[PDB]
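Read the single chain below, which is given as structure tokens and is the form deposited in one PDB entry.
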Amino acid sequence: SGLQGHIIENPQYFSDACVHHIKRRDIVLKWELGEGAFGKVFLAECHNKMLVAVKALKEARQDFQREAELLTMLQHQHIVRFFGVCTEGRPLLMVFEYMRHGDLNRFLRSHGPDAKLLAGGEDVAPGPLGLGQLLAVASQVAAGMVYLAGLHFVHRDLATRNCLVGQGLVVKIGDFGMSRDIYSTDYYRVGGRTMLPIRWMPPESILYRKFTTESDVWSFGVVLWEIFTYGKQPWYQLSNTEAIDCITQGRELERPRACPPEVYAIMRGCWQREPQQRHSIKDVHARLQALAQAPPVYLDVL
């Protein structure tokens, strides 16, 4: 296909992995939550009891099957969970856990220093998110990425738009395939239809279309910057081509105001020009999680 972030750009190793099929009588559509080029998302009830987000197919069918066979492989606390397919009737559905707070980018922006309401609530204290919470968000996204690297998957569109936030402030990697419709400003249109997330991409991905665990690490560095900026667009001062110009010359995003120097060093180790020089995601995870769980006395003074 060529679409960065599309799960089917990865290789299928287990061509016989089984896919769970859910009966029509076990699903009750409640209402629409959203809509893109390739589908509609609905809240539903799934029975044997629980709320689910279902993605309805628009139309493709072979892509659908390939997507379900790969998505049955992804089972991890920090990947949005895929429960199966409902193919008896229309629409064809893929069924996922429901993530109440929506996408992480919107969640950051709405709990940041420019938000309207910063009242305390179920999952968040009254101010903007504090350090320990920004660290816990980062850590969970990094943990999802350690899992993907363990299984030889490469995401290619890692960004806060492509993570979801659930109840209890649980952050998982996932999207319903509509980020180019909803956040089209984060993509650079080169083709008649190609849309590249160039502000999250390292030089080798931009120039050669090479994608590895290491270009994903670079993107994770950019995610870190988005978390510590409360969801700002990287290089927001710059047009797409200017950002390419920056990235290519080797300029680095600046330390955000809410980012301690220790955390900035982590970002920087993800942004080495040479892919083999970049930190390993297992080490980034390990450091961020250790920081998230550090004593408040230490974190208060970073």
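Residue positions are given as counts along the sequence shown, with the first one as 1. By rigid core we mean the largest C-alpha set that fits within 1.5 Å across both forms.
Beyond what is shown, the protein has a form deposited in another entry; the following relates to that form.
With the core fitted between the shown form and the other one, just one of 36, 269, 256, 275 shows a Cα displacement of at least 2 Å, namely 36.
Superposition on the rigid core between the shown form and the other one places the CA atom of residue 118 2 Å or more away from its counterpart. When two forms of a protein are overlaid on their rigid core, residues whose CA moves 2 Å or more are considered shifted, and residue 127 is one of them between the shown form and the other one.
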